[PDB]
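Residue strings, one per chain:
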Protein chains: 2
Amino acid sequence: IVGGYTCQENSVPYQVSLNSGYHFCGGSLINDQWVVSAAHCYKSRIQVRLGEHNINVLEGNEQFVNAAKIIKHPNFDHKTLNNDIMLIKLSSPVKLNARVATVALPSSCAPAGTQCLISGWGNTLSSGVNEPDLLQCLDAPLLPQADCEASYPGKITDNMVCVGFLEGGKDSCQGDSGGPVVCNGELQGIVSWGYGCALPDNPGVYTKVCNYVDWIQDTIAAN
Amino acid sequence: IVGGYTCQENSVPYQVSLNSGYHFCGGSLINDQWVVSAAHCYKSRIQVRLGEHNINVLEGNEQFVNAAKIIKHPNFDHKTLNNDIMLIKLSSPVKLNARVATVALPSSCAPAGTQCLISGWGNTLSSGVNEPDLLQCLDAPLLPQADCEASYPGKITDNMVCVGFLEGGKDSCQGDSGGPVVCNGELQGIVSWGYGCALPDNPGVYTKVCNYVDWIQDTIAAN
Ligand SMILES: [Cu+2]
Ligand SMILES: [Cu+2]
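- Structure determination for this entry is recorded as X-ray crystallography, at 2.3 Å resolution.

- Where the PDB entry is consulted, chain A appears under the name ANIONIC TRYPSIN, with the organism given as Rattus rattus.
- Taken verbatim from the UniProt record of chain A, the Subcellular location comment is "Secreted, Extracellular space".

So this is what it looks like as structure tokens:
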């Protein structure tokens with residue numbers, strides 16, 4: 001998160017860290033045994049870390065759990081990052097409590113103008129890399145689809161939505177990938193891509209989760 | 001390397017990749033059993049990879065060797081990155097040949113105006129991160145110390161030298177760290193830090209190797 005603020009400790013209780021010896025992506029807990037993330041965060045083995053605030057200090061609320069099935073969407077295409085969404089089933093259900101909780105899936109697609117919360121332990125600079133310890137937060141609105149399209153000519157599918165500020169300064173970045181954008185209580189987007197991080201006229205683009213509620217549900221049911 | 005060109009295969013034969021399950025820093029081979037890198041690239045276990053061009057494909061000239069002693073300078077200070085230099089002794093001597101060779105240590109400090117070659121598998125973007133497969137190269141001059149000082153007020157010690165372009169566009173970046181700047185045949189600088197990557201008025205700053213020839217030699221002798 002570039003240009004964001006440090007989240008109050010465990011105020012984003014659905015946020016998870018995907019770790020393979022180091023933090024490389026984020027995700028969201030949608031029920032006690034399943035995480036949703038980006039298909040681009042695929043790796044053969046993943047340890048999911050829940051209840052985190054400081055990614056480098058054990059503060060006493062962490063639950064570390066291995067991923068048992070890691071399921072990318074059938075039609076994920078790495079060249080366009082179209083259908084960038086992946087489901088992770090945990091080896092064991094987690095114990096839900098104040099600091100580790102679920103986020104609801106969307107009842108419908110959110111309109112342009114909605115303020116959303118984006119969080120992650122991703123890069124905090126628009127140039128160079130600085131990885132933060134503490135979870136970062138950003139309040140940002142869903143952009144009009146025609147501004148998304150204007151910023152990325154020919155690259156936006158109906159499964160993508162821009163969230164951010166056309167002025168730049170504030171955006172998600174690498175390492176936030178796979179993490180949540182939640183707009184009053186429901187998961188509406190997954191961190192996916194954008195040109196640079198926090199550049200003017202280059203808002204971040206997100207996987208539009210309302211287009212996948214049926215896929216997510218069938219996949220959970222069948223697994 | 002931002003704004004650089006892909007080096008001809010094995011044209012930089014002293015360049016090594018420090019790997020701990022992934023590439024995280026560079027270094028230079030200065031004799032058949034020793035590598036010099038940045039103290040900031042310290043890790044408890046390191047595999048040194050020599051003879052590389054494509055960091056992700058085995059092309060047939062690679063030699064992978066573990067580090068036996070990893071020695072940071074006694075006075076390295078992580079807050080200012082002053083004395084950012086580290087020596088690595090390999091478990092076995094490597095076999096030197098056309099594609100794996102040594103770079104000479106400096107006979108003296110190079111003057112402002114010298115063109116140098118910088119190489120690495122570091123980040124190639126001034127905003128966001130993109131890690132390259134193929135080794136990257138950049139021709140860049142040593143800057144006047146007063147321009148270094150003007151760009152980083154109060155942060156430049158006599159053990160640092162700026163190399164780069166005040167206009168921005170071309171610079172080293174994260175992942176190049178610990179790698180070589182060679183100015184007609186001798187190692188004159190080690191990739192260390194800078195604000196951003198390739199920003200105007202923010203040239204890269206390098207560990208000034210001519211200040212450490214005696215330390216490097218005593219340390220090798222004693223180990
Ligand atoms: Cu990719
Ligand atoms: Cu550091």
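Having seen the structure, we can now continue with the description.
### Quick notes on helix α2 (residues 213-221) of chain A
Residues and elements named next belong to chain A.
- Among all positions in α2, only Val213, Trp215, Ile216 and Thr219 are buried. The buried residues of α2 occupy one face: seen down the axis, they fall within an arc of 165°. Away from the buried face of α2 by more than 90 degrees, exposed residues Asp214, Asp218 and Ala221 are located.
- Looking at the buried side of α2, the elements it contacts are β3 (23-31), β4 (34-37), β6 (63-72) and β7 (86-90).

### Here we look at the coordination of the copper ion (ligand 2)
Residue and element names in this part refer to chain B.
- Protein coordination of the copper ion (ligand 2) is provided by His40 (NE2) and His78 (NE2), with donor distances spanning 2.2 Å. Residue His40 is located in the loop between β4 (34-37) and β5 (47-50), and its partner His78 is located in the loop between β6 (63-72) and β7 (86-90); the two are separated by 38 residues in the primary sequence.
- By relative accessible area, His40 is classed as partly exposed at 38%.

### What about the coordination of the copper ion (ligand 1)?
- Taken together, the protein ligands of the copper ion (ligand 1) are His40 of chain A (NE2) and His78 of chain A (NE2), with distances of 2.2 Å.
- Judged by relative accessible area, which is 51%, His78 of chain A ranks as exposed.

### Re the sheet that holds strand β9 (residues 136-141) of chain A
Residues and elements named next belong to chain A.
- What the seven strands build is an open sheet, ordered β1-β9-β8-β11-β12-β13-β10; its pairing is antiparallel. With partners counted over all chains shown, the strands left at the sheet margins are β1 (5-6) and β10 (160-163), one partner each.
- In this structure, strand β12 (residues 186-193) lies alongside strand β13 (residues 204-208), joined through four bridges in antiparallel fashion. Among the inter-strand pairings, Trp193 is bridged to a residue of β13, identified as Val205.

Calculation notes
- Residues numbered from 1 in each chain as written, not as in the entry; some residues may be left out.
- Chains lettered and ligands numbered in written order.
- Heavy atoms only, no water.
- UniProt positions renumbered as here; feature names shortened; annotations may be inferred.
- Buried < 20%, exposed > 50% of the residue type's maximum accessible area, 1.4 Å probe, protein only.
- Helix = DSSP H or I, 4+ residues; strand = E, 2+ residues; numbered from the N terminus.
- Arc of directions from axis to C-beta.
- Contact = heavy atoms within 4.5 Å.
- Donors = N, O, S within 2.8 Å, 3.2 Å for Na, K, Ca; no water.
- Pairing = 2+ DSSP bridges.

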